[PDB]
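To be precise, the following lines are run_0.cif, and they hold mmCIF, C-alpha atoms and all ligand atoms.
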data_final
loop_
_atom_site.label_atom_id
_atom_site.label_comp_id
_atom_site.auth_asym_id
_atom_site.auth_seq_id
_atom_site.Cartn_x
_atom_site.Cartn_y
_atom_site.Cartn_z
CA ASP O 449 15.49 16.64 -15.18
CA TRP O 450 12.19 16.03 -13.36
CA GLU O 451 12.83 19.25 -11.40
CA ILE O 452 9.59 21.28 -11.63
CA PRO O 453 9.83 25.07 -11.04
CA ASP O 454 7.74 25.86 -7.96
CA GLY O 455 5.78 28.99 -8.91
CA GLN O 456 3.79 26.88 -11.34
CA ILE O 457 2.68 24.69 -8.41
CA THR O 458 -0.42 26.25 -6.88
CA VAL O 459 -0.64 24.56 -3.49
CA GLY O 460 -4.18 24.09 -2.27
CA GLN O 461 -5.85 22.61 0.80
CA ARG O 462 -4.23 20.11 3.15
CA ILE O 463 -5.28 16.47 2.77
CA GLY O 464 -3.22 15.00 5.60
CA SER O 465 -0.04 13.12 6.46
CA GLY O 466 0.99 9.53 7.03
CA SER O 467 4.15 7.42 6.98
CA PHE O 468 5.92 9.95 4.74
CA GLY O 469 5.58 13.69 4.31
CA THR O 470 2.47 15.86 4.33
CA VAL O 471 0.10 15.68 1.37
CA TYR O 472 -1.73 18.53 -0.38
CA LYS O 473 -3.99 18.81 -3.38
CA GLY O 474 -2.42 21.06 -5.99
CA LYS O 475 -2.36 22.18 -9.61
CA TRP O 476 0.33 21.63 -12.25
CA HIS O 477 -1.10 21.22 -15.76
CA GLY O 478 -4.21 19.93 -14.01
CA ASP O 479 -4.91 18.33 -10.67
CA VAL O 480 -1.89 16.92 -8.83
CA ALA O 481 -1.05 15.73 -5.34
CA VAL O 482 1.79 17.61 -3.64
CA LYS O 483 3.79 15.90 -0.90
CA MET O 484 5.65 18.42 1.26
CA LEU O 485 8.69 17.25 3.22
CA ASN O 486 9.08 20.32 5.50
CA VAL O 487 12.84 20.52 4.89
CA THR O 488 14.04 24.13 4.72
CA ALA O 489 17.52 24.74 3.24
CA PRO O 490 18.65 21.13 2.72
CA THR O 491 22.16 20.07 3.63
CA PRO O 492 23.98 18.13 0.87
CA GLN O 493 23.42 14.97 2.92
CA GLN O 494 19.67 15.74 2.75
CA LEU O 495 19.56 16.84 -0.90
CA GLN O 496 21.21 13.56 -1.92
CA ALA O 497 18.85 11.63 0.36
CA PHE O 498 15.98 13.44 -1.36
CA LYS O 499 17.32 12.57 -4.82
CA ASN O 500 17.71 8.96 -3.65
CA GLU O 501 13.99 8.87 -2.84
CA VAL O 502 13.19 10.58 -6.15
CA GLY O 503 15.40 8.03 -7.90
CA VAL O 504 13.30 5.22 -6.44
CA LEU O 505 9.94 6.77 -7.32
CA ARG O 506 11.21 7.70 -10.79
CA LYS O 507 11.79 3.99 -11.50
CA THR O 508 8.04 3.25 -11.41
CA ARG O 509 5.89 3.48 -14.56
CA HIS O 510 2.81 1.29 -14.14
CA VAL O 511 -0.94 1.87 -14.41
CA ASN O 512 -1.40 0.37 -10.92
CA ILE O 513 1.34 2.41 -9.17
CA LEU O 514 0.80 6.05 -8.24
CA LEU O 515 2.20 8.19 -11.05
CA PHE O 516 5.25 10.16 -9.98
CA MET O 517 5.32 13.42 -11.95
CA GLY O 518 8.04 15.69 -10.59
CA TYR O 519 9.91 17.17 -7.66
CA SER O 520 10.88 20.63 -6.44
CA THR O 521 13.72 21.92 -4.28
CA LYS O 522 12.85 25.64 -4.05
CA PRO O 523 11.21 26.87 -2.02
CA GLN O 524 10.66 23.50 -0.35
CA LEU O 525 11.44 19.84 -0.98
CA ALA O 526 8.32 18.30 -2.48
CA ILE O 527 7.11 15.53 -4.77
CA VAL O 528 4.34 16.02 -7.34
CA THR O 529 2.21 13.00 -8.27
CA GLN O 530 -1.01 12.34 -10.14
CA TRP O 531 -4.25 13.16 -8.33
CA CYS O 532 -6.58 10.23 -7.62
CA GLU O 533 -10.25 11.26 -7.81
CA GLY O 534 -11.90 8.76 -5.48
CA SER O 535 -11.55 7.07 -2.11
CA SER O 536 -9.16 4.61 -0.49
CA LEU O 537 -10.01 0.92 -0.22
CA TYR O 538 -10.09 1.23 3.58
CA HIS O 539 -12.61 4.05 3.10
CA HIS O 540 -14.84 1.93 0.85
CA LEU O 541 -14.79 -1.08 3.19
CA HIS O 542 -14.95 0.49 6.67
CA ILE O 543 -16.33 4.02 6.14
CA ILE O 544 -18.79 3.97 3.25
CA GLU O 545 -19.50 0.20 3.43
CA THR O 546 -19.71 0.10 -0.36
CA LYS O 547 -21.63 -2.91 -1.66
CA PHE O 548 -18.99 -4.43 -3.91
CA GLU O 549 -19.91 -7.64 -5.68
CA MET O 550 -17.46 -10.54 -5.67
CA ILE O 551 -16.40 -9.76 -9.25
CA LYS O 552 -15.34 -6.26 -8.17
CA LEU O 553 -13.61 -7.57 -5.02
CA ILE O 554 -11.37 -9.99 -6.93
CA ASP O 555 -10.73 -7.27 -9.52
CA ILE O 556 -9.38 -4.89 -6.86
CA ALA O 557 -7.15 -7.70 -5.58
CA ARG O 558 -5.89 -8.46 -9.09
CA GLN O 559 -4.89 -4.86 -9.82
CA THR O 560 -3.10 -4.69 -6.47
CA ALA O 561 -1.29 -7.98 -7.17
CA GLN O 562 0.02 -6.55 -10.45
CA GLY O 563 1.29 -3.33 -8.88
CA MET O 564 3.00 -5.36 -6.16
CA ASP O 565 4.38 -7.69 -8.84
CA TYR O 566 5.73 -4.65 -10.69
CA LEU O 567 7.24 -3.16 -7.52
CA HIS O 568 8.99 -6.41 -6.57
CA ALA O 569 10.28 -6.83 -10.13
CA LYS O 570 11.93 -3.40 -9.83
CA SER O 571 13.36 -4.52 -6.45
CA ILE O 572 11.18 -2.01 -4.55
CA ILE O 573 9.68 -2.98 -1.18
CA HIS O 574 6.56 -1.10 -0.09
CA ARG O 575 7.04 -1.69 3.69
CA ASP O 576 3.68 -0.10 4.61
CA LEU O 577 1.05 -1.64 2.34
CA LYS O 578 -2.51 -1.45 3.66
CA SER O 579 -6.05 -0.81 2.51
CA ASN O 580 -5.54 2.94 3.17
CA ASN O 581 -2.68 2.95 0.61
CA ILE O 582 -4.85 1.35 -2.10
CA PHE O 583 -6.50 4.32 -3.82
CA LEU O 584 -9.46 3.45 -6.07
CA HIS O 585 -9.03 6.02 -8.83
CA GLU O 586 -12.43 6.74 -10.43
CA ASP O 587 -13.71 3.76 -8.40
CA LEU O 588 -12.08 1.53 -11.02
CA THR O 589 -8.27 1.68 -11.13
CA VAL O 590 -6.12 0.75 -8.14
CA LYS O 591 -3.30 3.20 -7.36
CA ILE O 592 -0.74 2.09 -4.76
CA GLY O 593 1.22 4.72 -2.85
CA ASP O 594 2.42 6.04 0.52
CA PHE O 595 5.70 4.13 0.55
CA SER O 614 4.68 4.52 14.00
CA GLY O 615 1.42 2.63 14.37
CA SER O 616 -0.60 0.49 11.94
CA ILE O 617 0.05 -3.04 13.15
CA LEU O 618 -2.84 -4.97 11.56
CA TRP O 619 -0.84 -5.37 8.33
CA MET O 620 2.54 -6.08 9.98
CA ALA O 621 3.99 -9.57 9.60
CA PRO O 622 5.37 -11.45 12.63
CA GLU O 623 9.02 -11.03 11.61
CA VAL O 624 8.72 -7.21 11.48
CA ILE O 625 8.49 -7.38 15.28
CA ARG O 626 12.14 -8.41 15.68
CA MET O 627 13.67 -5.50 13.77
CA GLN O 628 17.03 -4.97 15.48
CA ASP O 629 19.31 -7.65 13.99
CA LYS O 630 19.30 -7.42 10.19
CA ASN O 631 16.61 -6.21 7.72
CA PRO O 632 13.13 -7.59 8.54
CA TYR O 633 11.23 -5.87 5.72
CA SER O 634 11.38 -8.28 2.78
CA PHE O 635 9.31 -9.33 -0.22
CA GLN O 636 7.63 -11.88 2.05
CA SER O 637 6.62 -9.12 4.49
CA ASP O 638 4.88 -7.33 1.61
CA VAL O 639 3.10 -10.60 0.78
CA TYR O 640 1.76 -10.82 4.34
CA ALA O 641 0.34 -7.29 4.18
CA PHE O 642 -1.35 -8.25 0.91
CA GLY O 643 -2.93 -11.20 2.71
CA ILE O 644 -4.47 -8.85 5.26
CA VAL O 645 -5.89 -6.74 2.42
CA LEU O 646 -7.40 -9.95 1.05
CA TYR O 647 -8.92 -10.61 4.48
CA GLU O 648 -10.59 -7.19 4.41
CA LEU O 649 -11.89 -7.76 0.87
CA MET O 650 -13.33 -11.21 1.58
CA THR O 651 -14.72 -10.50 5.07
CA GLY O 652 -15.58 -6.80 5.04
CA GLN O 653 -13.84 -6.33 8.41
CA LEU O 654 -10.45 -5.61 9.87
CA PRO O 655 -8.67 -8.59 11.46
CA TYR O 656 -8.70 -9.20 15.21
CA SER O 657 -12.11 -7.59 15.63
CA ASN O 658 -12.49 -8.86 19.20
CA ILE O 659 -9.01 -7.89 20.45
CA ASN O 660 -9.56 -4.47 22.03
CA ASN O 661 -5.89 -3.79 22.84
CA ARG O 662 -3.09 -3.20 20.36
CA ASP O 663 -0.15 -4.09 22.63
CA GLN O 664 -1.38 -7.70 22.81
CA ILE O 665 -1.94 -7.86 19.04
CA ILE O 666 1.68 -6.76 18.61
CA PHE O 667 2.65 -9.37 21.19
CA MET O 668 0.58 -12.26 19.80
CA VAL O 669 1.40 -11.86 16.09
CA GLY O 670 5.03 -11.32 17.10
CA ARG O 671 5.34 -14.66 18.87
CA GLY O 672 3.00 -16.19 16.27
CA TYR O 673 0.02 -17.51 18.25
CA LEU O 674 -2.39 -15.29 16.29
CA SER O 675 -3.45 -15.12 12.64
CA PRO O 676 -6.80 -13.81 11.33
CA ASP O 677 -9.93 -15.99 11.45
CA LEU O 678 -10.45 -17.22 7.87
CA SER O 679 -14.01 -18.21 8.85
CA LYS O 680 -15.43 -14.68 8.64
CA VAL O 681 -15.17 -14.75 4.84
CA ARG O 682 -18.38 -14.12 2.90
CA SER O 683 -20.33 -17.19 1.78
CA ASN O 684 -19.54 -16.61 -1.91
CA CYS O 685 -15.78 -16.36 -1.29
CA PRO O 686 -14.04 -18.71 -3.77
CA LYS O 687 -12.25 -21.74 -2.38
CA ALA O 688 -8.95 -20.87 -4.07
CA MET O 689 -9.11 -17.42 -2.47
CA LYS O 690 -9.29 -19.08 0.95
CA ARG O 691 -6.18 -21.12 0.13
CA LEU O 692 -4.33 -18.06 -1.19
CA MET O 693 -5.14 -16.05 1.95
CA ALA O 694 -3.81 -18.86 4.14
CA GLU O 695 -0.62 -19.14 2.08
CA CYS O 696 0.08 -15.40 2.21
CA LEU O 697 -0.66 -15.27 5.96
CA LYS O 698 1.64 -18.22 6.75
CA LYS O 699 3.92 -17.64 9.74
CA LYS O 700 7.38 -18.33 8.29
CA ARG O 701 8.77 -15.83 5.80
CA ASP O 702 10.09 -18.44 3.37
CA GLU O 703 6.80 -20.39 3.27
CA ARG O 704 4.88 -17.45 1.67
CA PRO O 705 4.32 -17.28 -2.10
CA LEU O 706 5.86 -14.63 -4.30
CA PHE O 707 3.60 -12.22 -6.15
CA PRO O 708 4.24 -13.89 -9.56
CA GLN O 709 2.49 -16.94 -8.09
CA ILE O 710 -0.07 -14.76 -6.29
CA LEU O 711 -0.89 -12.81 -9.46
CA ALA O 712 -1.10 -16.03 -11.47
CA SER O 713 -3.45 -17.62 -8.93
CA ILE O 714 -5.83 -14.65 -9.04
CA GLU O 715 -5.53 -14.39 -12.83
CA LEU O 716 -7.10 -17.88 -12.84
CA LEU O 717 -9.85 -17.11 -10.32
CA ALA O 718 -11.17 -14.09 -12.24
CA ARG O 719 -11.60 -16.22 -15.37
CA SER O 720 -13.42 -18.94 -13.41
CA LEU O 721 -15.74 -16.36 -11.82
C1 LIG R 1 -4.25 10.13 3.15
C2 LIG R 1 -2.77 9.83 2.94
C3 LIG R 1 -2.50 8.36 3.28
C4 LIG R 1 -1.92 10.72 3.84
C5 LIG R 1 -2.40 10.07 1.47
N1 LIG R 1 -1.08 10.15 0.97
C6 LIG R 1 -1.13 10.42 -0.57
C7 LIG R 1 0.13 10.54 -1.42
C8 LIG R 1 0.46 11.67 -2.15
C9 LIG R 1 1.63 11.68 -2.89
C10 LIG R 1 2.48 10.58 -2.88
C11 LIG R 1 2.14 9.46 -2.13
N2 LIG R 1 2.98 8.28 -2.08
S1 LIG R 1 4.64 8.30 -2.43
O1 LIG R 1 5.30 9.50 -1.92
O2 LIG R 1 5.35 7.25 -1.69
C12 LIG R 1 4.86 8.11 -4.22
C13 LIG R 1 5.35 9.17 -4.96
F1 LIG R 1 5.68 10.34 -4.34
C14 LIG R 1 5.52 9.03 -6.33
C15 LIG R 1 5.19 7.84 -6.95
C16 LIG R 1 4.69 6.78 -6.20
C17 LIG R 1 4.52 6.92 -4.83
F2 LIG R 1 4.04 5.88 -4.10
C18 LIG R 1 0.97 9.45 -1.41
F3 LIG R 1 0.64 8.36 -0.67
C19 LIG R 1 -2.52 10.47 -0.97
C20 LIG R 1 -3.10 10.70 -2.37
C21 LIG R 1 -2.37 10.43 -3.48
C22 LIG R 1 -2.90 10.64 -4.71
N3 LIG R 1 -4.13 11.11 -4.82
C23 LIG R 1 -4.86 11.37 -3.71
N4 LIG R 1 -6.21 11.89 -3.84
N5 LIG R 1 -4.33 11.17 -2.49
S2 LIG R 1 -3.36 10.27 0.28
CL CL R 2 13.17 9.14 -16.29
#
Take the structure from the file and write it as structure tokens.
Ligand SMILES: CC(C)(C)c1nc(-c2cccc(NS(=O)(=O)c3c(F)cccc3F)c2F)c(-c2ccnc(N)n2)s1
Ligand SMILES: [Cl-]
Amino acid sequence: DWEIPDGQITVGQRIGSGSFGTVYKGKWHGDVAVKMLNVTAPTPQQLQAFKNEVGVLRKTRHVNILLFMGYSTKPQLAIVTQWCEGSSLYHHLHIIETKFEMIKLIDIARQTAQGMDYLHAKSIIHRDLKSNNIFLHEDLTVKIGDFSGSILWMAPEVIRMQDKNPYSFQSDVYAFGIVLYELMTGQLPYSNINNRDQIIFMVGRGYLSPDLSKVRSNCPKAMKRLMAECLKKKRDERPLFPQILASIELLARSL
């Protein structure tokens, strides 16, 4: 049903690529983002794999999740989504250095906690959550998307990854903790470790978790506790997003 005829899609300039596909700004009844997959003439085992991915994205309707809009097969395999007018959270924290007040910081965390709560409720695991995947639409509304190398958000257990299935709900919770670290400190974790291979090594064996003493003076005390609980070493000792969301939903009212 969601099959959009291509000729309507005016493909524009290239935005870039990440963990999935190559992204372009486009037009389809207004501004849209167009994610090319670079698959020419799909084999039935690729068309079904494409429809399996579409089937997962189709299952998301939430104001904090990036709005899936359609998909094309001719001339190329592509996914059309809403266009976010703004900049990523990573961009605001480590590129622009935007002066967010604490009210705004906790707000961004709350919207992300709801989107993650929605995703987990629909049994969807992000697997690559990070501040670059938190798009601040109109510098107000969080839009989560972009479902190699980006280890600062990887949990310890994702370093095994050869026995069973290491990506879990708890692994998404850990990545959310790192986003909280960025929000409350203004920095990426492990600022003084100038070599990735040792970060991978340390976090993997577990002798390394971010320094919760870089947090800004006005960081709430419950936020400190929540960060520590999300960044706990063992999978099973991390809180689910229903508890995370509820904890933040109390902090915003106190603030
Ligand atoms: C810079 C980087 C990281 C390469 C980007 N990828 C997308 C992008 C574009 C389209 C889809 C998805 N994510 S997705 O493919 O996994 C997805 C859907 F295709 C549909 C619904 C939800 C969803 F997460 C994206 F991350 C970006 C993007 C998305 C929306 N608006 C803007 N301005 N940029 S940016
Ligand atoms: Cl539908």
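With CA of residue 472 (chain O) on one side and atom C18 of ligand LIG 1 (chain R) on the other, the separation reads 9.5 Å.
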> Mind listing the residues within 8 Å of ligand LIG 1 (chain R), only C-alpha atoms and all ligand atoms counted, as a ChimeraX atom specification?
Replying inline: /O:463-473,480-483,502,505-506,508,513-517,527-535,580-581,583,591-595
>> At a cut-off of 8 Å around ligand CL 2 (chain R), and using all atoms listed in the file, what residues come up? Please write them as JSON, numbers by chain.
In response: {"O": [449, 450, 506, 507]}
> What gap, in Å, lies between CA of residue 519 (chain O) and CA of residue 457 (chain O)?
Replying inline: 10.5 Å
>> Could you check which residues have any atom within 8 Å of (-7.7, -2.4, 13.6), counting all atoms listed in the file with coordinates taken straight from the file, and then list them as an NGL selection string?
In response: :O and (616-618 or 654-657)
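Taking CA of residue 477 (chain O) as the reference point, CA of residue 489 (chain O) is found at 26.8 Å.
Closest approach to residue 587 (chain O) from the set O:662, O:475, O:539, O:680 is made by O:539, with distances taken over all atoms listed in the file.
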>> Neighbouring residues of residue 553 (chain O) were defined as those with any atom within 12 Å, considering all atoms listed in the file; residues of the same chain fewer than 3 positions away were excluded. Please report them as a PyMOL selection string.
In response: chain O and resi 537+540-541+546-550+556-560+584+587-588+590+645-652+682+684-686+689+714+717-718+721
How big is the axis-aligned box around the listed atoms of region 495-499 of chain O once 3 Å is added on each side, and where is its centre? Give both in Å to one decimal, as lines of an AutoDock Vina configuration file.
center_x = 18.6
center_y = 14.2
center_z = -2.2
size_x = 11.2
size_y = 11.2
size_z = 11.2
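With only C-alpha atoms as the atoms that count, the minimum distance from residue 524 (chain O) to the choices O:484, O:619, O:710, O:573 is reached by O:484.
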>> Taking 5 positions as the minimum chain separation for residues in the same chain, which residues sit within 8 Å of residue 639 (chain O) when counting all atoms listed in the file? Answer as JSON, numbers by chain.
In response: {"O": [696, 697, 704, 705, 706, 707]}
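With distances restricted to all atoms listed in the file, O:665 is the closest residue to residue 625 (chain O) from O:572, O:659, O:665, O:678.
Within 8 Å of the file-frame point (10.9, 22.8, -0.4), and using all atoms listed in the file, the polymer residues found are residues 484, 485, 486, 487, 488, 489, 520, 521, 522, 523, 524, 525 and 526 of chain O.
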Reconstruct N, CA, C and O atoms of region 476-498 of chain O from the incomplete input and present them as a compact mmCIF listing (two decimals), in the frame of the given file.
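The new file out_26.txt reads:
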# COMPACT_ATOMS: atom_id res chain seq x y z
N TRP O 476 -0.82 21.49 -11.35
CA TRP O 476 0.33 21.63 -12.25
C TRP O 476 -0.06 20.94 -13.55
O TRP O 476 0.05 19.72 -13.66
N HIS O 477 -0.51 21.74 -14.53
CA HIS O 477 -1.10 21.22 -15.76
C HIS O 477 -2.25 20.27 -15.43
O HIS O 477 -2.36 19.17 -15.97
N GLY O 478 -3.11 20.72 -14.52
CA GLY O 478 -4.21 19.93 -14.01
C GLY O 478 -4.03 19.58 -12.55
O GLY O 478 -3.12 20.05 -11.87
N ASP O 479 -4.91 18.71 -12.07
CA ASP O 479 -4.91 18.33 -10.67
C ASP O 479 -3.74 17.41 -10.36
O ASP O 479 -3.50 16.43 -11.07
N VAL O 480 -2.99 17.74 -9.30
CA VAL O 480 -1.89 16.92 -8.83
C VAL O 480 -1.93 16.86 -7.32
O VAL O 480 -2.52 17.71 -6.65
N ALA O 481 -1.30 15.82 -6.77
CA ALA O 481 -1.05 15.73 -5.34
C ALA O 481 0.36 16.21 -5.05
O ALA O 481 1.30 15.87 -5.79
N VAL O 482 0.52 16.98 -3.98
CA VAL O 482 1.79 17.61 -3.64
C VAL O 482 2.18 17.15 -2.25
O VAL O 482 1.44 17.39 -1.28
N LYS O 483 3.32 16.49 -2.15
CA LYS O 483 3.79 15.90 -0.90
C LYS O 483 4.93 16.76 -0.37
O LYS O 483 6.07 16.67 -0.85
N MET O 484 4.63 17.59 0.62
CA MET O 484 5.65 18.42 1.26
C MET O 484 6.48 17.60 2.23
O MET O 484 5.98 16.68 2.89
N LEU O 485 7.77 17.93 2.32
CA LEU O 485 8.69 17.25 3.22
C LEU O 485 9.14 18.12 4.38
O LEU O 485 9.82 17.61 5.28
N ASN O 486 8.78 19.40 4.39
CA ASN O 486 9.08 20.32 5.50
C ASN O 486 10.58 20.37 5.80
O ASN O 486 10.99 20.38 6.96
N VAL O 487 11.39 20.41 4.75
CA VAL O 487 12.84 20.52 4.89
C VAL O 487 13.25 21.86 4.28
O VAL O 487 13.24 22.03 3.06
N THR O 488 13.61 22.81 5.14
CA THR O 488 14.04 24.13 4.72
C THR O 488 15.56 24.16 4.63
O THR O 488 16.25 23.75 5.57
N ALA O 489 16.08 24.64 3.50
CA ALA O 489 17.52 24.74 3.24
C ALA O 489 18.20 23.40 3.45
O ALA O 489 18.83 23.18 4.50
N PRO O 490 18.11 22.48 2.50
CA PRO O 490 18.65 21.13 2.72
C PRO O 490 20.17 21.11 2.71
O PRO O 490 20.82 21.75 1.87
N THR O 491 20.73 20.36 3.65
CA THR O 491 22.16 20.07 3.63
C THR O 491 22.46 19.04 2.55
O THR O 491 21.62 18.19 2.25
N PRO O 492 23.63 19.12 1.91
CA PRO O 492 23.98 18.13 0.87
C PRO O 492 23.71 16.68 1.24
O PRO O 492 23.43 15.87 0.34
N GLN O 493 23.79 16.32 2.52
CA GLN O 493 23.42 14.97 2.92
C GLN O 493 21.91 14.76 2.95
O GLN O 493 21.46 13.60 3.02
N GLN O 494 21.11 15.83 2.91
CA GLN O 494 19.67 15.74 2.75
C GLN O 494 19.21 15.90 1.31
O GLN O 494 18.23 15.25 0.90
N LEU O 495 19.88 16.74 0.52
CA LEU O 495 19.56 16.84 -0.90
C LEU O 495 19.81 15.51 -1.62
O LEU O 495 19.00 15.09 -2.45
N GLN O 496 20.93 14.86 -1.32
CA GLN O 496 21.21 13.56 -1.92
C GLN O 496 20.22 12.50 -1.44
O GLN O 496 19.77 11.66 -2.22
N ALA O 497 19.88 12.53 -0.15
CA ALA O 497 18.85 11.63 0.36
C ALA O 497 17.51 11.88 -0.31
O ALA O 497 16.73 10.94 -0.52
N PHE O 498 17.21 13.14 -0.64
CA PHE O 498 15.98 13.44 -1.36
C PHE O 498 16.03 12.89 -2.78
O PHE O 498 15.07 12.28 -3.26
